[PDB]
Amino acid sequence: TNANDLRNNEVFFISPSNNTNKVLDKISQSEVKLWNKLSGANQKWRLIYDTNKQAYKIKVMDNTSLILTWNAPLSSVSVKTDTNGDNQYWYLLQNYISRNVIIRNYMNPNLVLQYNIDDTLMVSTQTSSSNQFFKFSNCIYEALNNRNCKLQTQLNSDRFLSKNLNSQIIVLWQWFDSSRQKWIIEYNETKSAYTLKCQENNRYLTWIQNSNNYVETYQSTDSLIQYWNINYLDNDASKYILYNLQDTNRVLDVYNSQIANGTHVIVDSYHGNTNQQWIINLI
């Protein structure tokens, strides 16, 4: 799959190459360690690419906004407040075939991240050894791919993404365990984004581009209007935003933040308010 590629603004588990069941874990306000995978937000990391530097910040997703930091001149690493220090940027360089990634410090590219036998991390000069190789797993792909899901608006604990009765228009409706409100989320390798298929009619969540900008269930198409970048909120891994591939500045949105059964769901410019936030759970 290409779902685990080192994309800007994607969120990952970062594992030692020798153990996919251990992940980089922010255990305290400053310390990181490899730990058994638990999928808490303190084990999730957002990549933020700096084009000028051709290097990334690696930000924990537990709400603290702290970033992976080499404690120069020492050999230790920590999470610290982002002060845009050169020691807070990392080159992420991938072996295309093995999928292993080297995490090399920007301030001193002689130094790479290394995991130790005792699960601690440090920086070190480069060897040929597996203790300096990491694998990246996209969190959302791991959790949601090929799963039957419900999508609740942040606006109301009992309002869900639902195909309307006797229409293709997609609306908010209270839960009644309907196949109209159940969506199979499937990653499409060609578009590098997701489709969401309504269980009731086997048609897909799709931006219908006219003055209304409603989403409807629509037949399978190659057009970008049917594909969605599902991401966590910038600093909250408990909520999602769905950006449409036809215009990635536009997102799945509840019309006028209304909560009434039948309220139109639309595609609208991103602003990040609660009517654009979705709680996705497995059925």
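In case it trips you up, residue 1 is the first one in the sequence shown, and so on.
Asks: Averaging the C-alpha B factors as listed in the entry, name the stretch that ends up higher: 267-275 or 7-15.
Replies: Going by the record's values, the stretch with the higher mean is 267-275.
Asks: Between 134-142 and 176-184, name whichever shows the higher mean Cα B factor according to the PDB entry.
Replies: The recorded data point to 176-184.
Asks: Name the one of 100, 83, 195, 162 with the greatest CA B-factor according to the PDB entry.
Replies: Highest CA B-factor of the listed options: 83.
Asks: Which has the highest CA B-factor per the PDB entry: 92, 170, 151, 111?
Replies: Among 92, 170, 151, 111, the PDB entry lists the largest C-alpha B-factor for 111.
Asks: Hey, what third does residue 59 fall into on Cα B-factor, ranked over its chain?
Replies: It belongs to the lowest third of the chain when residues are ordered by C-alpha B-factor.
Asks: Among the modelled residues of its chain, does the C-alpha B-factor of residue 206 lie in the lowest, middle or highest third?
Replies: Ranked within chain, residue 206 CA B lands in the lowest tercile.
Asks: Ranking every modelled residue in this chain by its Cα temperature factor as given in the entry, which third contains residue 239?
Replies: Within its chain, residue 239 is a lowest-third residue by C-alpha B-factor, going by the deposited values.
Asks: Would you check the entry's CA temperature factor for residue 44 and let me know if it's in the chain's lowest, middle or highest third?
Replies: Lowest third.
Asks: By its CA B factor, does residue 231 count among the lowest, middle or highest third of the modelled residues in the chain?
Replies: As the PDB entry reports it, the C-alpha B-factor of residue 231 lands in the lowest third of its chain.
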